[PDB]
Amino acid sequence: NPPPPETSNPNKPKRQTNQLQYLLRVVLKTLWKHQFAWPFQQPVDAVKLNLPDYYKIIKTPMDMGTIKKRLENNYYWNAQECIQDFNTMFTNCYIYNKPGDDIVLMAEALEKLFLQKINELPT
Ligand SMILES: Cc1cncc(-c2cnc(N[C@@H]3C[C@H]4CC[C@H](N4)[C@H]3CCC3CCC(F)(F)CC3)c3[nH]c(=O)c(C)cc23)c1
């Protein structure tokens, strides 16, 4: 396994915005507690789950645990950085797996919910 993505940098500028608060308090919260969330709550442990090629295929890993930490630590300046990380998580699943796979259908359901919440992103 690689080390997890960076989640904290004290030398980055910090700002609180309505969009970033919403992403943490509404979007991430809602996806976290979704019935199909558990495979996406932490980095893929390719050693433990016997997926030796996962990090040969996925060079930009992302998970909701990392996203939570990034939001909490004010790692993102722009809301789009956070939205991009969610999208990377979904696309990684689509990349590593095949169309119509069970995990892909779970990711598709989370993505659908994500887009419903993003629709209500504050201005
Ligand atoms: C509980 C959990 C935690 N962390 C990660 C995973 C996880 C497992 N397997 C993945 N892929 C595999 C690759 C091949 C082989 C079998 C099948 N095709 C596929 C299994 C999918 C199921 C595994 C058990 C389950 F309960 F989680 C439901 C899905 C994974 N692929 C991924 O892309 C991610 C993000 C996790 C993952 C699961």
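Structure: see above.
Residues numbered from 1 in each chain as written, not as in the entry; some residues may be left out. Heavy atoms only, no water.

Novice: Explain helix α3 (residues 64–72) to me, please; I cannot follow it from the model alone.
Specialist: In an α-helix, one full turn covers 3.6 residues, which means residues spaced three or four apart are oriented alike. The complete set of buried residues in α3 reads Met-64, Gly-65, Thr-66, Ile-67, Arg-70 and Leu-71. Buried-residue contacts for α3 involve α1 (18–32) and α4 (79–96). In this structure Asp-63 caps α3, since a side-chain oxygen of it lies 3.0 Å from the backbone nitrogen of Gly-65. Looking at the residues trailing α3, positive phi occurs at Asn-74, about 55°. (Buried < 20%, exposed > 50% of the residue type's maximum accessible area, 1.4 Å probe, protein only. Helix = DSSP H or I, 4+ residues; strand = E, 2+ residues; numbered from the N terminus. Contact = heavy atoms within 4.5 Å. Polar contact = N/O pair within 3.5 Å; in protein donor to acceptor, adjacent residues only side chain to side chain.)

Novice: Before we go on, may I ask you to explain the layout of surface pockets in this structure?
Specialist: Over the atoms a probe the size of a water molecule is rolled, and this reveals where empty space is left. As a volume, the largest pocket reaches approximately 330 Å³. In this structure, the largest pocket is lined by 17 residues; those nearest its centre are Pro-39, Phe-40, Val-44, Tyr-54 and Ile-103. No other element matches α4, which puts 4 residues into the lining of the largest pocket. Residue classes in the lining of the largest pocket are distributed as 12 nonpolar, 3 polar and 2 charged. (1 Å grid on protein atoms, 1.4 Å probe; cavity = no way out; pocket = protein on both sides within 12 Å on 5 of 7 lines; lining within 4 Å. Points joined across faces, edges and corners; volume = space filled by probe spheres on them. Nonpolar A, V, L, I, M, F, W, Y, C, P; charged D, E, K, R; others polar.)

Novice: Help me out: how do you make sense of the site of the ligand in this one?
Specialist: Lining the immediate surroundings of the ligand are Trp-38, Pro-39, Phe-40, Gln-42, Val-44, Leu-49, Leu-51, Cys-93, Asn-97 and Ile-103. Between the ligand and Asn-97 there is a distance of 3.0 Å, counted from an oxygen atom to a side-chain nitrogen or oxygen. Relative to its unbound accessible surface of 690 Å², the ligand loses 60% to contact with the protein. Grouping the amino acids of the shell around the ligand by side-chain chemistry returns 8 nonpolar, 2 polar and no charged. (Near = heavy atom within 4 Å. Areas by Shrake-Rupley, 256 points an atom, 1.4 Å probe, with all protein chains shown as cover.)

Novice: Explain the packing of aromatic side chains to me, please; I cannot follow it from the model alone.
Specialist: When we look at a pair of aromatic rings, we describe it by the centre distance and by the angle of the planes. One pass over the full model with this rule turns up 5 aromatic pairs. When the ring of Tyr-75 is compared with that of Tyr-76, the centres are 6.1 Å apart and the planes differ by 85°; the resulting orientation is edge-to-face. Summarising the burial analysis for this pair, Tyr-75 and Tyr-76 share the class buried. (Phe/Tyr/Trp six-rings, centres within 6.5 Å; stacked < 30°, edge-to-face > 60°.)

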